[PDB]
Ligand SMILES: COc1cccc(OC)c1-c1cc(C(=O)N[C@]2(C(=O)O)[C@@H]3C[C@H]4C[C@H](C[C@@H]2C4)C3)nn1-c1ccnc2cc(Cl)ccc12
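Only one chain is given next, in structure tokens, and it is the form solved without the named molecule.
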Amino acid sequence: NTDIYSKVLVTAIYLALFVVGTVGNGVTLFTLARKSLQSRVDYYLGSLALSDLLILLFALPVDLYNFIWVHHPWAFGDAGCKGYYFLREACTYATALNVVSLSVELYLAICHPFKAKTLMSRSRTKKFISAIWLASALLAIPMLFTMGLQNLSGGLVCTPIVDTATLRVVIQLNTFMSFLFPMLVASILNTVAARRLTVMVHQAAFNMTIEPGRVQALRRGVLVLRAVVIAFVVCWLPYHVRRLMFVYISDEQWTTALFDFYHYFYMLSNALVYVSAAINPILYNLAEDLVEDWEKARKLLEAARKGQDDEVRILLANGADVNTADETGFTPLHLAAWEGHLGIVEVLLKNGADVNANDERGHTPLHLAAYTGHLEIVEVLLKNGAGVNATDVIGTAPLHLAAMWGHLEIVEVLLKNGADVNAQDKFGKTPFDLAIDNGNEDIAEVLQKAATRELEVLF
């Protein structure tokens, strides 16, 4: 019982996967080969790109010819027969072990942030990749001995040389070592990481309006590596099952139906193995899209603090996050208003910066503008619609801080917009009380007159 359509249909998909997957992975290697501490990401995607390319470049064509179509006459000889299964198992390992390495490094980043900043290094990562490939090569050696050509008819076929019990051990080993062991670790680590991360995400409540970039980056990383785990399982599960079923269901019991089932199941199972390889460049696009967006934001905070207006406009233009925040909860607007760079401050608000943004301490951009003393920046923030009576953890409004450093000019501009002259903090001191304590006699004189006006309004 034979049908050609299955082979033709499979061949079409095999070609579709080959052409795109080979080119995609080829470019992925070429791109990274040309072009921070997040170059460790590049090394891992380079390994997958290579391991996935070899599958499509060497395993697929040999599969498509001598396994799908032409059966009896084997055209790759004893070396090609031995080598095929070696290069296959080397890449089944290398890929499986790279997917774990990813989840181990994401876990380390979330679980041990302080440790990961010291422990993780480029030179260290390089060693890890070296080990993975060398481990995979060493673990694939058995396939050079277990597989070899035999003459059935010249009708020479690439069939195992060793016995079923011997063959059952190496395959049982391969499956656990290069799938189950990895997938358990990868899954649980990613599950623990997601749980661990969700604590940090939820912990950032009230204290900071905008959650840090790292949290948003790691939260993005979890989603991706979740897809990587689910992707790898679905692609590789059927293939491993087929291999295991082969040896365990090899009792000569199998009728003209188990053979038929295996014929199709082989095509389906292998097709998904190449799909795994063919998908890889998507994971590269997702990872780079994430790290790029993180580096933009990271740069924006530096640039906005630096006072380089040109760089800020450039970053924002590309698609950097204006409402990003550092570990403290400091948005770019905080840094600009603090350092005093009106030029930048005007841009950030134009693009859509949260003018009412509370950091860890609860200090809005207007607090930082008053504390220092930028009469220009204060006037701007209010035009956009900064809260005039916003209070921090202690309870000090901007008018407290303007008074606390005697900005007579600034004190006047708040009053115009409608600053609460009668506002007491944790220590009970009003803006006037601080003005008196400071010795800003002019400032104190104003606050007094403003409060008095409110009295007459009552009567």
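Numbering starts at 1 and follows the sequence shown.
The discussion below concerns the form deposited with the named molecule bound, not included here.
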Checklist line | Pocket accessibility after superposing the named molecule in the bound PDB entry (3+ atoms within 2.4 Å of backbone/C-beta) | finding: blocked
Next item on the list: Evaluate residue 249 for contact with the named molecule in the bound PDB entry, applying a 4.5 angstroms cut-off between non-hydrogen atoms, and reply yes or no.
Entry: yes
Next item on the list: Although the named molecule is absent from this view, report whether residue 114 comes within 4.5 Å of it in the bound PDB entry, heavy atoms only.
Entry: no
Margin query: Please tell me whether any heavy atom belonging to residue 382 falls inside 4.5 Å of a heavy atom of the named molecule, as the geometry stands in the bound PDB entry.
Written below: no
Notebook entry, point to check: Is the gap between residue 100 and the named molecule in the bound PDB entry 4.5 Å or less for some heavy atom pair?
Noted result: no
Next item on the list: Select, from the options 257-265, 365-373, 352-360, 325-333, the stretch whose residues sit within 4.5 angstroms of the named molecule in the bound PDB entry by heavy atom distance.
Entry: 257-265
Next item on the list: Would you kindly say which of 177, 147, 193, 290 lies with a heavy atom within 4.5 Å of the named molecule in the bound PDB entry?
Entry: 147
Notebook entry, point to check: Just one of 314, 108, 185, 245 has a heavy atom within 4.5 Å of the named molecule in the bound PDB entry. Which one?
Noted result: 245
Check: Are there residues in 74-96 with a heavy atom within 4.5 Å of the named molecule in the bound PDB entry, and which are they, in order?
Finding: 85
